[PDB]
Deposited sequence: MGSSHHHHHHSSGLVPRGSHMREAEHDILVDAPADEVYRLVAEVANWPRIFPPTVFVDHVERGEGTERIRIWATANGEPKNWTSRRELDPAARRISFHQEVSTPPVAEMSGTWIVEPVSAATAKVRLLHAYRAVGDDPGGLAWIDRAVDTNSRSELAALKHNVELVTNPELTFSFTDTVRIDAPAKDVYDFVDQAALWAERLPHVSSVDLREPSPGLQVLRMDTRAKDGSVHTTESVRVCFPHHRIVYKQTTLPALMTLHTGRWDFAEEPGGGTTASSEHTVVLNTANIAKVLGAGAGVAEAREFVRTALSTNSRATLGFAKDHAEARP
């Protein structure tokens, strides 16, 4: 049973870093591979994680024990793939000043049959993954705690039809080239039920054209959660959520969370443009396309010829 430990310094207070790892609704913002997390068992807890996994999205479950006083989180991967016999870890967040924290990431693992070759392979994997994870954690935590760079907004429409018909319109994205005017072509991959890799060709208002990938997690007939995996120069993160709530009609909403990439604001929008201008440019483009999609979803679900 081998042990490893990696650490990094992060410029946010210990309590906030702890909170971002403890509260899994935050994972997509701080772990770039993570698309969504939800609970299997609440209490100790068990969670189900959907992630991009280097081009082959997948889900798995993890059991965690949370200790907020000690700012520690123990986790244990529930199904391991050979040659991993078991994989567990611990987050430990330590205050080193009032605005700055040391994040320690520990792992404990062993190989099936303590096979020395497999165990070396695991060791390198854990090292590679832990370093990249901690580096991304630092980069993203320092951005998502900055409210000028990170913003979220929602557009809502009321649709007088069952949630299922509205959901189906947004779920069945293979049909969007025939149903949405801004979509010229779609390449929808659905390797396993409810996990989608959506690649689509669009034309924007300014006459530019795009080919964009997102990974979506679909929950019939109430929610579709997604993350954009091919990002434009102005965004470091873009996640979203469709919700279809049945009223005692349906209220359909499209939420977006964005983190801006300040390094490219000038190169893209030209000198003199700032964060405020980037927030609105991005917000209008996304909100326009979303309200458009909701409108066509309404028209489709309410048609009863």
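- Mapping the modelled residues onto the deposited sequence reveals missing stretches at 1-20, 64-65, 271-272.
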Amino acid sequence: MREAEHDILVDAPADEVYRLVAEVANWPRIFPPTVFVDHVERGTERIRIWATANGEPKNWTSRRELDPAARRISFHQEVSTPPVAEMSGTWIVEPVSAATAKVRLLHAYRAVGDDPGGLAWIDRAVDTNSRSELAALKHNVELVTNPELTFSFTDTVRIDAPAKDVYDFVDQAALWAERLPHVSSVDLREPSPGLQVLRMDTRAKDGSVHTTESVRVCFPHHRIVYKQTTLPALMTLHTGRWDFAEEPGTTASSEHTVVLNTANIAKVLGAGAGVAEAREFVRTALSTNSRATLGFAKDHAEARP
From here on, numbers count along this sequence of modelled residues.
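- Between 252-260 and 274-282, the higher mean Cα B-factor belongs to 274-282.
- Averaged over CA atoms, B-factors in the entry run higher in 91-99 than in the other of 183-191 and 91-99.
- Of the candidates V170, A161, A204, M200, the PDB record gives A204 the highest C-alpha temperature factor.
- The PDB entry assigns its highest CA temperature factor, among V144, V209, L134, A125, to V144.
- Among the modelled residues of the chain, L66 sits in the middle third by CA temperature factor in this PDB entry.
- Among the modelled residues of its chain, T52 has a C-alpha B-factor that falls in the middle third, as given in the PDB entry.
- Remark: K298 belongs to the lowest third of its chain, ranked by C-alpha B-factor as recorded.
- In the PDB entry, a CA B factor belonging to the highest third of its chain's modelled residues is recorded for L149.
- When the modelled residues of the chain are ordered by their C-alpha B factor, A25 lands in the middle third.
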